[PDB]
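S.K.: Got a structure for you, written out below as structure tokens; questions coming shortly.
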Amino acid sequence: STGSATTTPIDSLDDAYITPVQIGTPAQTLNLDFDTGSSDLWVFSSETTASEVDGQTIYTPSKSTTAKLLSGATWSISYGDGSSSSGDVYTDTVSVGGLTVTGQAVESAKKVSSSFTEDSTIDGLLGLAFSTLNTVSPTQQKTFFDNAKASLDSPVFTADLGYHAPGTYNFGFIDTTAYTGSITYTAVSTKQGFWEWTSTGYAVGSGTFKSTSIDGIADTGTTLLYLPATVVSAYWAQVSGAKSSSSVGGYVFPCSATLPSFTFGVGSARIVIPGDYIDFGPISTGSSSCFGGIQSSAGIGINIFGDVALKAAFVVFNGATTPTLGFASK
């Protein structure tokens, strides 16, 4: 089997992407944030504290003839941005782009933190990291990809995120029309539960490539590109007026600037992030200070190849017995 679904930016900055997901019988369609940096499929639901729902579409398990309470199971997750959610668990039928999993754990939110409530466009998350990170207790549950894998034509999914435009998540096949050149595959460590890999270096604009190993994670659920402070300083040094602002929380730059590109290495291959992809717009409405799309990871503990980086590429998440990642230009 295969599946193919369009993923759409939630706003004009590409702050996140939503993909429609069918849950239950009859189908209830929710727009979920596919997140290769986590491993829980959770939704706003009829059980979510009413004051914490503000425009999201909810899953109502009592209206699904295939929903079953997973007795005793609870979940609770906290994300790198400080947001969180928790609740109980049902199993139900979940379909993405024509690919159906029966018995998928659907984690129903009883509580969500303010940032989720405040984002009316995201009805939940669909985790695509390794199932060892799944938070369901006392019986850890499998991701949608893990459950579908055996049925797929090939044990892979691909992320093709658009810049200011829709893109595609495919399951079970590699669309050879969706990229240019060849796909370069690189080793993955699953020891932390992430799609963790090592970039071979970077370049700023038309500058020379610096060969240096940068361990980080391919994370579709993180908006920006978080790299070591040395790398980020070298980038922003090429932008007149750019500075790190403690009050704003990162590098800012004059909105009048033209940003240079940023290149990262995948083996001997190179992925070029155009400068425009690094512009996240005014820090506050009407400001002429703009927020940078490349930020320091120094306070995180891990480098994160988020959407800024991934949307410059066609990315293969290869869930073969030994997982690997593939990157192609497009």
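Numbers and lists here come from the model and the stated rules, or from a named source; these are not laboratory values. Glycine also receives a Cβ, built like all others from the backbone with ideal geometry; neighbour counts cover every protein chain displayed.
S.K.: Given the conditions (1) of a type in the set (S, T, N, Q); (2) closer than 15 Å to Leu325 by Cβ; (3) assigned by CATH to the domain that holds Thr19, report the number of the one that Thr121 does not fulfil.
M.R.: Just one mismatch for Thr121, condition (2).
S.K.: Still on this structure, please answer the following. Pairs, please: C-beta under 7 Å, at least 6 apart or cross-chain, first residue assigned to a loop (DSSP other than H, G, I, E, B) and in segment 9-23, second surrounded by fewer than 18 Cβ atoms within 10 Å (Cβ to Cβ) and of a type in the set (A, V, I, L, M, F, W, C)?
M.R.: Close Cβ pairs satisfying both conditions: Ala16/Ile10.
S.K.: Condition test on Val239, is it among the aliphatic types (A, V, I, L, M), in the same structural domain as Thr180 (by CATH) and assigned to a loop (DSSP other than H, G, I, E, B)?
M.R.: yes
S.K.: Out of all the residues in segment 269-290, which are under 23 Å from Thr7 (Cβ atoms) and either touching a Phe, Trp or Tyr at 6+ places or on another chain (Cβ under 6 Å) or of a type in the set (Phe, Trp, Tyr) (or both)?
M.R.: Correct list: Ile271, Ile273, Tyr277, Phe280.
S.K.: Here's a follow-up. Regarding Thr91, is this residue surrounded by fewer than 23 Cβ atoms within 10 Å (Cβ to Cβ), in the same structural domain as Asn134 (by CATH) and among the β-branched types (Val, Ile, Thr)?
M.R.: yes
S.K.: Any idea which residue in segment 29-38 is surrounded by the fewest Cβ atoms within 10 Å (Cβ to Cβ), counting only those that are polar (S, T, N, Q) and closer than 30 Å to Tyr226 by Cβ? Let's see the steps before the verdict.
M.R.: Just the residues of segment 29-38 that are polar (S, T, N, Q), to begin with: 29, 31, 36, 38.
Among the residues that remain, those that are also closer than 30 Å to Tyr226 by Cβ are: 31, 36, 38.
Values: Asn31: 18, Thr36: 28, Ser38: 25.
The qualifying residue surrounded by the fewest Cβ atoms within 10 Å (Cβ to Cβ) is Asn31.
S.K.: So in segment 188-240, with the set limited to residues that are among the hydroxyl-bearing types (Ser, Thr, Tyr) and within 30 Å of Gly124 (Cα to Cα), which one is surrounded by the most Cβ atoms within 10 Å (Cβ to Cβ)?
M.R.: Per the criteria, the residue is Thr220.
S.K.: Yes or no: segment 8-28 includes at least one residue that is buried (at least 16 other Cβ atoms within 10 Å of the Cβ) and closer than 17 Å to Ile77 by Cα.
M.R.: Looking through segment 8-28, none of the residues is buried (at least 16 other Cβ atoms within 10 Å of the Cβ) and closer than 17 Å to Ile77 by Cα.
S.K.: If you don't mind, there's one more thing I want to ask. If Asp92 passes every condition in (1) farther than 25 Å from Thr25 by Cβ; (2) part of a strand (DSSP E or B); (3) of a type outside the set (S, T, N, Q) but one, which one does it miss?
M.R.: Among (1) farther than 25 Å from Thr25 by Cβ; (2) part of a strand (DSSP E or B); (3) of a type outside the set (S, T, N, Q), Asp92 violates only (1).
S.K.: Still on this structure, please answer the following. Can you find a residue that is outside the structural domain of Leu13 (by CATH), in contact with a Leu (Cβ under 6 Å, 6 or more places away or on another chain) and either hydrophobic (A, V, I, L, M, F, W, C) or assigned to a strand (DSSP E or B) (or both) anywhere in segment 287-301?
M.R.: yes
S.K.: Please find, within segment 39-69, the residue that is surrounded by the most Cβ atoms within 10 Å (Cβ to Cβ) out of those that are free of Cβ contacts under 8 Å to residues at least 60 places away in the same chain, among the hydrophobic types (A, V, I, L, M, F, W, C) and within 16 Å of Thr93 (Cα to Cα).
M.R.: Result: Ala67.
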